[PDB]
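Overview (structure and organization)
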Amino acid sequence: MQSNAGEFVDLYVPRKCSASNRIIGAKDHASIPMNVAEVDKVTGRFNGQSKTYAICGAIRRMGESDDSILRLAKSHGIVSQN
Amino acid sequence: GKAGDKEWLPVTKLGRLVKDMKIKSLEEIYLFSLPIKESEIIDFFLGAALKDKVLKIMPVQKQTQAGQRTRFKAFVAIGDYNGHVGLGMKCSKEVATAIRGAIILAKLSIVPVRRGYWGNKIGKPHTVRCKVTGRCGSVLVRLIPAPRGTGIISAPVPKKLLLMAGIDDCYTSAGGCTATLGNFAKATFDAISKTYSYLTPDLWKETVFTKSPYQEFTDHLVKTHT
Amino acid sequence: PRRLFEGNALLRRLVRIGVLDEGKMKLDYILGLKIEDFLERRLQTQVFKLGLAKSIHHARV
Amino acid sequence: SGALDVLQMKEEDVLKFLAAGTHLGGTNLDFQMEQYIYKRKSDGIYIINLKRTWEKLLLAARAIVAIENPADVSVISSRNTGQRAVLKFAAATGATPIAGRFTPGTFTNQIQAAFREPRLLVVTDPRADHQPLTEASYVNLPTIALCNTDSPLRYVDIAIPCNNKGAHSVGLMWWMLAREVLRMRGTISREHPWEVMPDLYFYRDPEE
RNA sequence: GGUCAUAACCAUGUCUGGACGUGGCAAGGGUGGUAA
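Calculation notes
- Residues numbered from 1 in each chain as written, not as in the entry; some residues may be left out.
- Chains lettered and ligands numbered in written order.
- Part of a larger assembly, values for the part shown.
- Heavy atoms only, no water.
- Contact = heavy atoms within 4.5 Å.
- Buried area = accessible area lost by both parts, 1.4 Å probe.
- Salt bridge = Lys/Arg side-chain N within 4 Å of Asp/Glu carboxyl O.
- Polar contact = N/O pair within 3.5 Å; in protein donor to acceptor, adjacent residues only side chain to side chain.
- Helix = DSSP H or I, 4+ residues; strand = E, 2+ residues; numbered from the N terminus.
- Nonpolar A, V, L, I, M, F, W, Y, C, P; charged D, E, K, R; others polar.
- Core = buried A, V, L, I, M, F, W, Y, C linked by side-chain atoms within 4.5 Å.
- Buried < 20%, exposed > 50% of the residue type's maximum accessible area, 1.4 Å probe, protein only.
- Axes fitted to C-alpha atoms, helices over the stretch in contact; angles between N-to-C directions.
- Parallel < 35°, antiparallel > 145°, perpendicular 65-115°, else oblique.
- Left-handed = near helix turned anticlockwise from the far one by under 90°.
- Expected span 1.5 Å × (residues − 1).
- Arc of directions from axis to C-beta.

In its metadata, the entry names cryo-EM as the structure determination method and reports 3.48 Å as the resolution.

Right, let's talk about the arrangement of the chains for a bit. For the four pairs of chains in contact, the largest share of contacts goes to chains A and D. Regarding chain C and chain D, the two do not touch, and the least distance separating their C-alpha atoms is 46 Å.

Let us look at the interface of chain A and chain B. If you look at the interface, chain A gives 26 residues, while chain B gives 37 residues. In this assembly, chain A packs against chain B so that about 2,800 Å² is buried in total across both faces, 58% of it on carbon and sulfur atoms. Of all residues in chain A, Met 1, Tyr 12 and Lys 16 of chain A give up the largest surface area on contact with chain B, accounting jointly for 23% of the area buried on that side. Across the contact surface, chain A and chain B share two salt bridges. The shortest N-O distance in the salt bridge between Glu 7 of chain A and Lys 124 of chain B comes to 3.2 Å. Linking chain A to chain B there are eleven residue pairs in polar contact. Only β3 (32-39) and β4 (46-55) of chain A provide two or more residues apiece to the side of chain A that touches chain B. Among the elements that take part in the side of chain A that touches chain B, β4 of chain A stands out by supplying three residues, more than any other. In the side of chain A that touches chain B, the residues fall into twelve nonpolar, eight polar and six charged.

Here we take up the nonpolar core. Residues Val 122, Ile 144, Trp 174 and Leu 177 of chain D are the most contacted members of the largest nonpolar core, which totals 52 residues. Elements that contribute at least two residues to this core include exactly α2 (65-74) of chain A together with α2 (50-65), β4 (73-77), α3 (81-92), β6 (120-124), β7 (144-146), β8 (158-159) and α5 (169-185) of chain D. The element best represented in this core is α5 of chain D, accounting for eleven residues. With near-sequence residues (within four places) excluded, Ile 144 of chain D lies in contact with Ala 60, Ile 64, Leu 120, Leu 121, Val 122, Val 123, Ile 158 and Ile 160 of chain D. If you look at the next biggest cluster of nonpolar residues, it comprises 26 residues, including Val 128, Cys 136, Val 141 and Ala 185 of chain B.

Moving on, we come to the packing of α2 of chain D against α5 of chain D. Residues and elements named next belong to chain D. Put simply, α2 and α5 touch, their axes get as near as 9 Å, and they point 55° apart. In terms of orientation, α2 lies oblique with respect to α5. Classified by chirality, the crossing of α5 by α2 is right-handed. When α2 is examined against α5, the residues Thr 53, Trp 54, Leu 57, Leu 58, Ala 61, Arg 62, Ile 64 and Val 65 are found in contact with a partner set consisting of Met 173, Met 176, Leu 177, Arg 179, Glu 180, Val 181, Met 184 and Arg 185. Among the residues making up the contact of α2 with α5, the classes are represented as eleven nonpolar, one polar and four charged.

When two helices pack together, their arrangement is given by the angle between their axes and by how far apart the axes lie. Residue and element names in this part refer to chain D. Where α3 meets α5, the closest approach of the two axes is 9 Å, and the angle between their N-to-C directions is 15°. The orientation of α3 relative to α5 falls into the category roughly parallel. Of the two possible hands of crossing, α3 and α5 adopt the one that is right-handed. Where α3 abuts α5, its residues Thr 81, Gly 82, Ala 85, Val 86 and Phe 89 lie against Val 170, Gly 171, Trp 174, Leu 177 and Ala 178.

Residues and elements named next belong to chain C. The end-to-end C-alpha distance of helix α1 (residues 2-17) is 23 Å, a good match for the 22 Å that 16 residues give at a rise of 1.5 Å each. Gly 7, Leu 11 and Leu 14 are the residues of α1 that are buried. The arc enclosing the buried residues of α1, seen along the axis, measures out at 55°, which places them on a common side. Along α1, exposed side chains directed more than 90 degrees from the buried face belong to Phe 5, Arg 13 and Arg 16. With its phi angle positive at about 85°, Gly 18 sits one or two positions after the end of α1.

See below:
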């Protein structure tokens, strides 16, 4: 958040989950980032740069996460057709 | 001298990164919404601005065949005026021990508050981001934004909490019983918590994402470390 | 017209007693006013501040 | 996937899946477990597809790789079949096994001499190991498991469908899991057959 | 696939009884004496 002074106020900007486009708390203990490791996709070996996601605790605890992680990954690798 | 000190040895992973000094703000912890379990972590980043304000020391008691048996339950607030506040309740057989038990529990539950402006910016926030609520068992508070210089207009009990939060100007409205202050104070605390969980058009820009402090500093967490 | 004419003449009066700067002079800075600035402009305070007294208690007398 | 054939289905493994009866699946469905089933048989059996198994195996495995230090991807199983399997798993790839009765409060406590604090979990059968799953959401652990066709999905970020009512279906699936993580992280990859048997990942079983 | 029975009567209470209030951690010292 930016004032007319140009002072960039607010203690931190909180992360916004890709599960359902909404923002998690600071004591929500069911909200998990999950790092998937990319591979070269020519031999099948680790290659550097991870794809990281984040999911909110609310959709997790009702049990929607299995579809959400699949849908996110389906538009990338290592699922492209299921 | 002839007397050392030795204070705190962490047995917790999060505690170990702080003691070895790789995490350097509370803001790192909160962004991953990590558990806190040790009350020295919070008192290391802060503890140079934390005050306590013992609200009530209330008796409760159960019944047995030999008569009464009385335990003392006290509520204790905690907060710096920079926007971190917390709250805890605890009970014990004796008074002083219960108070000191509450100052520990209160440190554990500290959270940040998000402050904003009435409608025009001039630097340094002074009020609550938006009109929010919070209910605890049919007590509720409705923190409503207010322009500068109107002070905190509330009952004496929430006037403690909001003042400790550093929120300068506010209007409030209550509903239902408020003479059972254990609910009343928790309901205030509930309301101030929700501020960062309220989505605003400001926050619609996308967050970059970054690897966990646990992840990046894992090479220091494995050598002999917990 | 109501906002302009009123605001201008309001702020003029706040400047005339000198509890407000003309480096401010916006309606937002009206709200930055507080109790102590008024009390400074009182005569007994200014007697003490800019004339001979030994305490504030002297100056009122 | 997108790799040429080195991250895609192999002719060999199809035979192993079908010999161990993984394709067969229980007589019930959920509203989340109907996106891996194709259809039902003449019989009450509901036939899991193996194409759908294969993709889910991979990105599951790639997440298990992604931790820098593998010594804290804590595997858990309490049913008898998945005991022998997990022990060899956590010997092969650096992990910490928890066999038998969980003893709850493992990650919640601070004071307990069996305290653990992993990052991931890999659980067999959600509705036998419900205690660690519930406890996962108090310490922000991602979660992976092997679902039947009717196991409840809740605190399961990614599933890896299986028959898992016992037999060779259990041990085979843990063996395949350990094959993949070594191809990706290690240098066991050669795309020519691994020495280790799926035989010694199966259940001990009452002996002769 | 598994086997077992008979309930009467029974009301009332002289009574002037209960220790609970604020987080102090915190003595801090050695002339005599083998030698001297």
